[PDB]
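To start, the structure itself, in structure tokens.
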Amino acid sequence: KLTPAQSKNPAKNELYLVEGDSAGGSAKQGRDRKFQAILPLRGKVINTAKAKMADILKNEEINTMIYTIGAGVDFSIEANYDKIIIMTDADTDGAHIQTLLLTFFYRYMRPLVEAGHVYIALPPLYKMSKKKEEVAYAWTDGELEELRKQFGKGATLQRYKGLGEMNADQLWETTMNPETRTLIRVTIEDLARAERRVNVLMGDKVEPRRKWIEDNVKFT
Amino acid sequence: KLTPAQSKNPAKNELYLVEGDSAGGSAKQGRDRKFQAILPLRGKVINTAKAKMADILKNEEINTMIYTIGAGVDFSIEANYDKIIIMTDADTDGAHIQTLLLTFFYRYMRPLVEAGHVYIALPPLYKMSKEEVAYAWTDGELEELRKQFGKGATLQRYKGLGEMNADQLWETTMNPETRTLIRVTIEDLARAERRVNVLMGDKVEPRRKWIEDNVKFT
Amino acid sequence: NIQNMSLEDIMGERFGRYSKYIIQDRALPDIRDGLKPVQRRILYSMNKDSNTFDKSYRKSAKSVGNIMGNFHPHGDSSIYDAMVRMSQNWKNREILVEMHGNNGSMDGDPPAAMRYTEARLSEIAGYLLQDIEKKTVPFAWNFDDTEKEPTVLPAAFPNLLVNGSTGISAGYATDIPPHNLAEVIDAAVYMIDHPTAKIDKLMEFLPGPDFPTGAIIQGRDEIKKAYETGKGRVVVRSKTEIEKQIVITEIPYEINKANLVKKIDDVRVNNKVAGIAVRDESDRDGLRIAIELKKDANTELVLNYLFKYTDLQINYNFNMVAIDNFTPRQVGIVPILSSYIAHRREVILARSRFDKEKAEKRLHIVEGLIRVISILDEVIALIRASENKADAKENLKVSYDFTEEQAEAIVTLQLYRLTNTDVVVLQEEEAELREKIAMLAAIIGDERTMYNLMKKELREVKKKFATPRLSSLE
Amino acid sequence: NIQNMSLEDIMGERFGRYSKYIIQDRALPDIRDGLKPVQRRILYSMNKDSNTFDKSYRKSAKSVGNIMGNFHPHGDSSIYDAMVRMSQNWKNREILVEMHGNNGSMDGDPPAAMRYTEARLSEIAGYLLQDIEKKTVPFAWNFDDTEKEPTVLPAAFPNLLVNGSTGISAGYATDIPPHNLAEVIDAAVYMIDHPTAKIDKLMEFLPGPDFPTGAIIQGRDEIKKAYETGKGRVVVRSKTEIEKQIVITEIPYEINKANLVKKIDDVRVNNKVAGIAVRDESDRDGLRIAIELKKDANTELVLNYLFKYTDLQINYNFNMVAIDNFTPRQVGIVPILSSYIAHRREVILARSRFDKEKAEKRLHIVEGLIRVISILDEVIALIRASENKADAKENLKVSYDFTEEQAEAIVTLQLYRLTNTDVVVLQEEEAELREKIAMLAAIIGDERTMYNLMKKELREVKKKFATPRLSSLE
DNA sequence: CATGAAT
DNA sequence: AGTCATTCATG
DNA sequence: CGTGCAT
DNA sequence: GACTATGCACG
Ligand SMILES: [Mg+2]
Ligand SMILES: [Mg+2]
């Protein structure tokens, strides 16, 4: 079950894909219900590049997506939103889900991705604060150090270990309101490269993935 | 799903009804698997005297009971155990479940109850230690235990059965040699009916009065 | 071994135990601090762990664990769910817990899992706890005998009426509508002076419920019935405006905005009434439900229908039942107010008694140092000529007949304390103490001096926390 | 505002982040203390909250809440489940947590919900933490910057080999069989002396795994392969006796007694083999599975079949992968042992450095009081002639050129301390300190004196915690 | 199909 | 007082 | 049906 | 990362 926007207008209406019900609340609350829909997933999504067809289409979370979006898996297009936005918790488990959601779109809904309709939303991880209040936001470790230097002594630091942990006004002001938000727009600039890459990381083979890690993961 | 005894011998084999899976573990572990079976329920049981027939027989927990016991709801008898033993956590929520389980047996499986096959098992609530170790079953017992142990004693409260160990559950409340059981019999029928229907009934108005008049809120 | 028991008797005990525990210990609020146990234990625990409005928030789950571990032997969900209710402004008039993150809403969306959220006690909550630490209130042991737990809170304000409460036990249920902190305290103070107060006059002060969700309340007559008897039925109507379209900006307490909206549109689709033509446009900071109409603006008929056929207008029922004297009473305003007052009396007296002892102790000690500052030379000389700390003490007691505590105090004095030899300063505190003691001794045995202090503190609390009415009366 | 990114690059970063975090921070054990993060955080937290073997147990859920709140930003279940594993004797050789109540079993029954159980740290666990408080180890901030958390533990014993570990991450998985604490430490000490040690000799000490579940291990050849390379396959056979009937009293590590039994009886019913004729009679204190046979006692064929066709005999696989230098290595015994040793070296040196500073400080202070006891009269006289505590201090520094800390120490001295004017006693401690400092300074810059101390402590740990072998070698 | 940390 | 989906590597 | 503490 | 069943009073 989804929380849809008032107007049904596939020209300017966004679908916000979220990591769970708890985050879903935060989303539904801080949000412009005129053209913003919200669809919860139950945690980590099926690796669509490691399972078969039946296993996939049989899984609730993928199926619900397919339905609420329209087009279908073949695909076809214009339904149903001119933005499908992946908004996951700010940590690393969020980054995994992004990885999984993208491969699903890339594998099946390809035209969607090639079109330029898949977005990644970039919500804060850390908020640091020092009637007079000074407040900054960080998105990863490095940013934190610089923020800490700025605020020097006294500052309290808060870490949103999950989206349901920040308030409505916050989620809006930072990461949903188009005026002050910023989004990532995912495009594919080869096809061959994408296929190559996705199949290693997301693949089924391991042996190559491992190498890709050793050679490229900088464990400093 | 149940944890049954090795031998299938309706002459000396006991069925231990328990409040949940966590307690179920403790039971299964400390136990003589020769003639002791263990059957978990999912918490508070349906008030069989407040719901209809379909509502009842449709509820998993009652149905599982009926099956593993044999006889059936009519009833008939000798299946399947010469003891059905209600073993609930030691606190008051346990006492509620006892109340509920008894009405179910009383209402449907009546012959069972009239026969003298329904038991209540009386597992400890408090254990006090100074090694010198005593057990209490309710508040009052605690005060006397505290006086005995005087200074130094630590007191532990089993807020649920899965909180005591195997050896303990056995030595205290399951091993027939050193255990003690309550044997539930009905000594009127009319009185039982009268009482059950007020407490467990559907009417409230009488229940309330029964409380005011008899519940000593000291 | 086997004990043979009947069915009647066994069913008897086993029911009586539970029915009782449920009534006192679970469902029903104390008439004194208007709290259920879980509430109280949350409040006490959080506060003891100094998790307070003025300091940073703290991971709800840590809070929950501690409550469970120390005070409250039950489910985490039961606890945290309860903790969350206390953070809900559409539910409570004056919130006792501030939670940061998603704690549900009016649309009814479920609160974020506990591992996600963070919480602290609110400001007014501190007032519920004020004086707790000065032996103001009866304690009991926790389930383990490891630590001691309050059996009721001090209660700077009449929380029972303020935040209402509900309400399901064996044999008894409770519903108590929220009230306007300001107006309540007015009632309290008036009664403090004129105890034999009749409901009619009290009503001039407490004129009926104040729902945090605003709304319109009509039923003066039955409200009195409720305030006298304890049971009553009242009518509550959402607040309506017409735009040139029906605009809804307040709805009936304990009602579900989300479903309320569906149920209305269901009226349109079923075309159960004429001009049905329904949208919810509500955002963080304001409630707005728009019912925009068609041609035949039978609007009055449409609105009047909606009131009847949907939950835009409902009735709220009074079942005011609290625990007084360890037992269930169904009580009116007069018993609640009175019993609260009498509580505050015990609190104030007990507090002062504790304060007085403390005063008298330091006073005896100060009286002591003042003597010493005159003999300092010979005193130190003695201490040096002494063998052990203990011997040191025993020698002063023998020679200068100082007391026991006086001795420890002189002896444990650090050294730089000698840097301050000045009977003037000590004498200043000595005055201070003597004046406090004499003030206190008054309150203790001065019954009206006691009641006045009550009235003051109460007024001070009204000034701090008072807020305009949200609900209107017709 | 919009940033435009490709699919390749985005997928790149996002994977790299996760793959990394999983490897270091979640799944794989540190090669130094052989712990995964959750383990470490549980241990540290419990211990900091002094929840220790010698004192009463504590409501698991309280423990879990604190871990979550302070150190570990994740699910309670993930945490508690992990905590529970650490309480499982059939899983770990040397348990690091003692849990009272139901924590599962060999039959595989699920552990009691956390609200039910109680837990403390075991005795040997303290040894993992020993010296933690004397700056022996690198700390980091917790996720909130509110409190500091160890990045590895001190590690009195080589936990990695002892309790093994597994083992699933991105790109890497790990399986490390438990080992005999005694035998391991032997290996360690030998290497400490002969670093250039070859596996063959080390094997004389650590001759292969020791499963807590007992059992028979056959595969000398492949065990070496494992100890050298890091990967190997070994055979493990349940331990059998014939009664006049087949009796089973030990089964293969990581195997499920319950299902194991069903799978056997399934053999009988399917009559997949001849004399199949199967009962489990196991109680609190002993494992017993009885396979009682029919007529044609083809027992040897039946047993030999059971080994092949069921999990009475399985193989255990070695995939020894730990985190060294912040990175995944697949390592043999030599790297593990060595890296552990080198760790203990840093620990010992860091410890001593901390101990030395502390010694030197009090020493400087004692040196100080010794001087004062000679000038006591004039010193006190000064203090009295002083205005403020601070002025008091500043005057001694000016006049008797005492130092800063020396001053605070003299000044804050309580009074009964003057009861003990005796340069002999202070001189006694002064000797004590000087001797400790000089001892320490040795270890710090004496490399062999350092290694010897390692060897001693290690031997002391072996003596305390050593236990007979449970698993046998064929 | 577990296994053991996670969403 | 319980339960279910999903990732990840390996046999 | 839902409400708030509980199993 | 979520879900389901029960008691209890009352309209
Ligand atoms: Mg997350
Ligand atoms: Mg219970």
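Chains: A, B, ... in order of the structure tokens. Residues: from 1 per chain. Ligands: from 1, in order shown.
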Review point. Can you tell me which residues sit at most 10 Å away from ligand 2, counting only C-alpha atoms (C1' of nucleotides) and all ligand atoms, written as JSON, numbers by chain?
Key: {"B": [18, 19, 20, 23, 43, 44, 88, 89, 90, 91, 92, 93, 94, 95, 96, 97, 158, 159, 160, 161, 162], "C": [73, 74], "D": [116], "F": [1], "G": [6, 7]}
Practice item. Mind checking which residues fall within 7 Å of region 9-11 of chain F, counting only C-alpha atoms (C1' of nucleotides), ignoring those fewer than 5 positions away in the same chain, and posting them as a PyMOL selection string? Key: chain D and resi 168+172-173
Test item: residues lying within 9 Å of ligand 1 with only C-alpha atoms (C1' of nucleotides) and all ligand atoms, as a tab-separated table (two decimals) with N, CA and C atoms (P, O5', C5', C4', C3', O3' and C1' of nucleotides), in the first residue's frame:
chain	number	residue	atom	x	y	z
A	19	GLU	N	12.76	3.10	2.33
A	19	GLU	CA	13.41	1.87	2.76
A	19	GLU	C	12.50	1.11	3.71
A	20	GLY	N	11.45	1.77	4.19
A	20	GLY	CA	10.53	1.16	5.15
A	20	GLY	C	9.38	2.03	5.64
A	43	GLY	N	12.73	-3.26	3.46
A	43	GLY	CA	14.17	-3.46	3.59
A	43	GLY	C	14.92	-3.75	2.31
A	88	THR	N	16.95	6.63	0.37
A	88	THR	CA	17.28	5.60	1.33
A	88	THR	C	17.91	6.28	2.53
A	89	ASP	N	17.94	5.59	3.66
A	89	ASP	CA	18.64	6.10	4.82
A	89	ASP	C	20.03	6.53	4.36
A	90	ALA	N	20.68	7.35	5.18
A	90	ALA	CA	21.90	8.04	4.76
A	90	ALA	C	23.15	7.19	4.88
A	91	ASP	N	23.07	6.08	5.61
A	91	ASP	CA	24.27	5.30	5.88
A	91	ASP	C	24.64	4.42	4.70
A	92	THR	N	25.38	3.36	4.99
A	92	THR	CA	25.95	2.51	3.96
A	92	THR	C	25.00	1.40	3.55
A	93	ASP	N	24.20	0.94	4.49
A	93	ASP	CA	23.15	-0.01	4.15
A	93	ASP	C	22.16	0.62	3.17
A	94	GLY	N	22.01	1.94	3.25
A	94	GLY	CA	21.27	2.70	2.26
A	94	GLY	C	21.92	2.60	0.88
A	95	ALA	N	23.22	2.82	0.84
A	95	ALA	CA	23.97	2.70	-0.40
A	95	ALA	C	23.87	1.32	-1.03
A	97	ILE	N	21.15	-0.67	-0.82
A	97	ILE	CA	19.82	-0.69	-1.40
A	97	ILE	C	19.80	0.13	-2.68
A	161	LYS	N	20.50	7.69	11.96
A	161	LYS	CA	20.76	6.30	11.68
A	161	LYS	C	19.46	5.71	11.19
A	162	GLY	N	18.98	6.22	10.07
A	162	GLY	CA	17.64	5.91	9.60
A	162	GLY	C	16.77	7.15	9.43
A	163	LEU	N	15.91	7.14	8.42
A	163	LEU	CA	15.19	8.35	8.02
A	163	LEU	C	14.10	8.78	9.02
D	74	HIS	N	22.23	-0.11	15.28
D	74	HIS	CA	21.56	-1.12	14.47
D	74	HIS	C	20.45	-1.82	15.23
E	7	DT	P	20.68	-2.64	10.57
E	7	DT	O5'	19.87	-2.57	9.19
E	7	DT	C5'	20.54	-2.18	8.00
E	7	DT	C4'	19.67	-2.45	6.78
E	7	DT	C3'	18.33	-1.72	6.79
E	7	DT	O3'	18.18	-0.99	5.57
E	7	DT	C1'	18.01	-4.06	6.40
H	1	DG	P	15.75	0.25	9.63
H	1	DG	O5'	15.23	-0.90	8.65
H	1	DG	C5'	14.59	-0.55	7.43
H	1	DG	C4'	13.51	-1.54	7.04
H	1	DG	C3'	12.41	-1.76	8.06
H	1	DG	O3'	11.50	-0.67	8.09
H	1	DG	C1'	13.00	-3.81	7.06
Practice item. Return as a PyMOL selection string the full set of residues in region 77-274 of chain D whose backbone-based DSSP assignment is alpha helix (DSSP H). Key: chain D and resi 77-85+123-129+159-163+181-193+199-205+220-229+257-269
**Study point:** Residue contacts of region 82-85 of chain D (12 Å, only C-alpha atoms (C1' of nucleotides)) excluding same-chain residues fewer than 5 positions away, as number ranges by chain
**Key:** D: 26-27, 35-43, 45-46, 60-61, 63-64, 67, 75-77, 90-105, 110-114, 117-121, 163, 165-166; E: 4-6
Exercise for review: Give me, please, the distance in Å between CA of residue 18 (chain D) and CA of residue 180 (chain A), quoted to one decimal.
Suggested key: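 Rounded to one decimal, the two atoms are 28.2 Å apart.
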Practice item. Do a neighbour search on region 119-126 of chain B at 10 Å with only C-alpha atoms (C1' of nucleotides), toss out local chain neighbours closer than 4 positions, and write the hits as a PyMOL selection string. Key: (chain B and resi 14-17+83-91+98+102+113+134-139+141-142+145+155-161+164+168-170+172-174+179-185) or (chain C and resi 2-5+10+143-144)
Residues as selected, C-alpha atoms, written as a short mmCIF file (atom, residue, chain, number, x, y, z; two decimals), in the first residue's frame, can you do that?
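As a result, out-v6.cif now contains:
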data_model
loop_
_atom_site.label_atom_id
_atom_site.label_comp_id
_atom_site.auth_asym_id
_atom_site.auth_seq_id
_atom_site.Cartn_x
_atom_site.Cartn_y
_atom_site.Cartn_z
CA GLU B 14 1.91 -35.89 30.62
CA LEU B 15 1.12 -32.95 28.35
CA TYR B 16 2.59 -29.69 29.50
CA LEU B 17 0.80 -26.62 28.23
CA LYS B 83 -2.36 -35.62 32.74
CA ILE B 84 -2.89 -32.30 31.07
CA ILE B 85 -0.83 -29.80 33.00
CA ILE B 86 -1.15 -26.08 32.79
CA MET B 87 2.19 -24.49 33.41
CA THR B 88 2.21 -20.74 33.06
CA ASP B 89 4.70 -18.07 34.02
CA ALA B 90 4.60 -17.39 37.75
CA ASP B 91 3.17 -13.89 37.72
CA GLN B 98 -4.86 -20.32 33.89
CA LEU B 102 -9.66 -23.77 32.74
CA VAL B 113 -12.11 -32.00 34.19
CA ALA B 134 14.97 -20.58 48.90
CA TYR B 135 11.99 -20.06 46.61
CA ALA B 136 8.88 -17.90 46.93
CA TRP B 137 5.59 -18.03 45.02
CA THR B 138 3.95 -14.71 45.94
CA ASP B 139 4.73 -11.46 47.76
CA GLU B 141 6.31 -15.64 50.88
CA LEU B 142 8.92 -13.09 49.82
CA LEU B 145 12.20 -15.38 52.85
CA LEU B 155 16.67 -11.89 44.93
CA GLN B 156 15.81 -13.01 41.44
CA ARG B 157 12.36 -12.88 39.89
CA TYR B 158 11.39 -15.13 37.03
CA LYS B 159 9.37 -12.69 35.00
CA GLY B 160 8.59 -15.49 32.58
CA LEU B 161 9.55 -19.17 32.44
CA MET B 164 15.09 -19.89 34.72
CA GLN B 168 15.95 -25.38 38.03
CA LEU B 169 12.64 -25.92 36.20
CA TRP B 170 13.14 -29.64 36.61
CA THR B 172 11.43 -27.39 41.37
CA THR B 173 8.35 -27.93 39.23
CA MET B 174 8.45 -30.91 36.83
CA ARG B 179 7.41 -31.42 42.47
CA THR B 180 3.90 -30.67 43.56
CA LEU B 181 0.82 -30.36 41.33
CA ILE B 182 -2.67 -29.02 41.75
CA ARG B 183 -5.48 -31.33 40.76
CA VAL B 184 -8.59 -29.62 39.54
CA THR B 185 -11.91 -31.20 40.27
CA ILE C 2 -0.38 -33.39 44.97
CA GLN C 3 -2.75 -30.72 46.31
CA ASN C 4 -6.33 -31.22 45.34
CA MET C 5 -8.31 -28.08 44.61
CA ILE C 10 -9.11 -22.08 41.92
CA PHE C 143 10.59 -6.38 41.40
CA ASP C 144 14.19 -7.45 42.15
#
Check your understanding: In Å to one decimal, how far is CA of residue 74 (chain A) from CA of residue 190 (chain A)?
Key ->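 So the two atoms, CA of residue 190 (chain A) and CA of residue 74 (chain A), lie 21.9 Å apart.
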Write out as a compact mmCIF listing (two decimals) with N, CA and C atoms (P, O5', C5', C4', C3', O3' and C1' of nucleotides), in the first residue's frame which residues come within 12 Å of residue 3 (chain G) when counting only C-alpha atoms (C1' of nucleotides), dropping same-chain ones fewer than 2 positions away.
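Contents of result-v2.txt, as written:
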# COMPACT_ATOMS: atom_id res chain seq x y z
N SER C 165 -7.24 10.62 30.60
CA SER C 165 -6.69 9.27 30.56
C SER C 165 -7.73 8.20 30.23
N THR C 166 -7.28 7.13 29.57
CA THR C 166 -8.10 5.95 29.28
C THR C 166 -7.17 4.73 29.22
N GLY C 167 -7.57 3.52 29.64
CA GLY C 167 -8.84 3.22 30.29
C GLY C 167 -9.53 1.86 30.05
N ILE C 168 -8.82 0.72 30.07
CA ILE C 168 -9.53 -0.58 30.01
C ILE C 168 -8.97 -1.67 30.93
N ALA C 173 -13.51 0.45 33.17
CA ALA C 173 -12.83 1.16 32.10
C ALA C 173 -12.80 2.63 32.47
N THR C 174 -11.92 3.41 31.86
CA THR C 174 -11.88 4.83 32.16
C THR C 174 -11.73 5.67 30.91
N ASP C 175 -12.44 6.79 30.87
CA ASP C 175 -12.21 7.85 29.90
C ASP C 175 -12.29 9.21 30.59
N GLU C 254 -9.62 12.21 19.47
CA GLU C 254 -9.56 10.76 19.39
C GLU C 254 -10.15 10.23 18.09
N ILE C 255 -10.24 11.10 17.09
CA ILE C 255 -10.79 10.72 15.81
C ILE C 255 -9.68 10.70 14.75
N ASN C 256 -9.80 9.81 13.77
CA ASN C 256 -8.74 9.54 12.79
C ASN C 256 -8.79 10.31 11.46
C5' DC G 1 -13.88 -4.27 12.23
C4' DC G 1 -13.96 -2.96 12.99
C3' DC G 1 -12.68 -2.55 13.71
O3' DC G 1 -11.93 -1.67 12.89
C1' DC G 1 -14.66 -2.13 15.05
P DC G 5 -1.03 3.52 27.15
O5' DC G 5 -1.13 2.44 28.32
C5' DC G 5 -0.05 1.56 28.59
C4' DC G 5 -0.60 0.24 29.08
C3' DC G 5 0.42 -0.89 29.19
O3' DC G 5 0.78 -1.08 30.55
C1' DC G 5 -1.69 -1.63 28.28
P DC H 8 -11.31 -11.72 29.73
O5' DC H 8 -11.60 -10.15 29.84
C5' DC H 8 -10.85 -9.37 30.77
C4' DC H 8 -10.95 -7.89 30.46
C3' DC H 8 -12.32 -7.40 30.03
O3' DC H 8 -13.07 -6.98 31.17
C1' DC H 8 -10.50 -6.29 28.89
P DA H 9 -14.66 -6.89 31.09
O5' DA H 9 -14.91 -5.34 30.75
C5' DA H 9 -14.49 -4.34 31.66
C4' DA H 9 -14.86 -2.95 31.14
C3' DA H 9 -16.33 -2.75 30.81
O3' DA H 9 -16.71 -1.42 31.15
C1' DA H 9 -15.04 -2.42 28.86
P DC H 10 -18.25 -1.06 31.33
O5' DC H 10 -18.56 -0.21 30.00
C5' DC H 10 -17.75 0.91 29.68
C4' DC H 10 -17.91 1.28 28.22
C3' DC H 10 -19.34 1.22 27.70
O3' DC H 10 -19.80 2.53 27.41
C1' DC H 10 -17.77 0.36 26.13
P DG H 11 -21.37 2.83 27.34
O5' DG H 11 -21.56 3.29 25.82
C5' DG H 11 -20.85 4.43 25.32
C4' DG H 11 -20.78 4.39 23.80
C3' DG H 11 -22.13 4.31 23.09
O3' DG H 11 -22.20 5.26 22.03
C1' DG H 11 -20.70 2.57 22.34
Practice item. Select residues of chain H: the criterion is any atom within 9 Å of an atom of chain B, counting only C-alpha atoms (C1' of nucleotides); output as JSON, numbers by chain. Key: {"H": [5, 6, 7, 9]}
Could you list, as a PDB file with N, CA, C and O atoms, in the first residue's frame, every residue within 7 Å of residue 80 (chain A), counting only C-alpha atoms (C1' of nucleotides) and ignoring same-chain residues fewer than 3 positions away?
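What follows is the written file out.pdb:
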ATOM      1  N   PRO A  10       0.941  12.655 -14.790  1.00  0.00           N
ATOM      2  CA  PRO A  10       2.239  12.069 -15.151  1.00  0.00           C
ATOM      3  C   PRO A  10       3.241  13.057 -15.730  1.00  0.00           C
ATOM      4  O   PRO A  10       4.286  12.628 -16.203  1.00  0.00           O
ATOM      5  N   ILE A  69       3.871   1.992 -10.875  1.00  0.00           N
ATOM      6  CA  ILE A  69       4.583   2.801 -11.855  1.00  0.00           C
ATOM      7  C   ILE A  69       3.883   2.807 -13.208  1.00  0.00           C
ATOM      8  O   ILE A  69       3.973   3.776 -13.966  1.00  0.00           O
ATOM      9  N   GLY A  70       3.177   1.722 -13.504  1.00  0.00           N
ATOM     10  CA  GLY A  70       2.457   1.602 -14.759  1.00  0.00           C
ATOM     11  C   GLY A  70       3.185   0.776 -15.803  1.00  0.00           C
ATOM     12  O   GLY A  70       3.118  -0.453 -15.783  1.00  0.00           O
TER      13      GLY A  70
END
Review point. Any idea what the distance is between CA of residue 210 (chain B) and CA of residue 72 (chain C)?
Key: 29.2 Å
Exercise for review: Please identify which residues in region 22-100 of chain B DSSP calls strand (DSSP E) from the backbone, and express them as a ChimeraX atom specification.
Suggested key: /B:36-40,83-86
Review point. Using only C-alpha atoms (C1' of nucleotides), which residues sit within 7 Å of residue 186 (chain B) once same-chain residues fewer than 3 positions away are excluded, as number ranges by chain?
Key: B: 114, 189; C: 6-7
Once you have the residues from the selection above, write them out as a PDB file, in the first residue's frame, restricted to N, CA and C atoms.
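Result file follows (again_28.pdb):
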ATOM      1  N   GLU B 114     -14.004 -33.268  35.047  1.00  0.00           N
ATOM      2  CA  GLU B 114     -14.760 -34.030  36.037  1.00  0.00           C
ATOM      3  C   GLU B 114     -13.975 -35.277  36.413  1.00  0.00           C
ATOM      4  N   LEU B 189     -21.740 -28.632  40.055  1.00  0.00           N
ATOM      5  CA  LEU B 189     -21.611 -28.300  38.650  1.00  0.00           C
ATOM      6  C   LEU B 189     -22.188 -26.912  38.591  1.00  0.00           C
TER       7      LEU B 189
ATOM      8  N   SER C   6     -10.575 -27.363  44.084  1.00  0.00           N
ATOM      9  CA  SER C   6     -11.761 -27.360  43.245  1.00  0.00           C
ATOM     10  C   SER C   6     -11.576 -26.440  42.042  1.00  0.00           C
ATOM     11  N   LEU C   7     -12.640 -26.280  41.274  1.00  0.00           N
ATOM     12  CA  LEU C   7     -12.590 -25.494  40.062  1.00  0.00           C
ATOM     13  C   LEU C   7     -13.085 -24.122  40.434  1.00  0.00           C
TER      14      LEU C   7
END
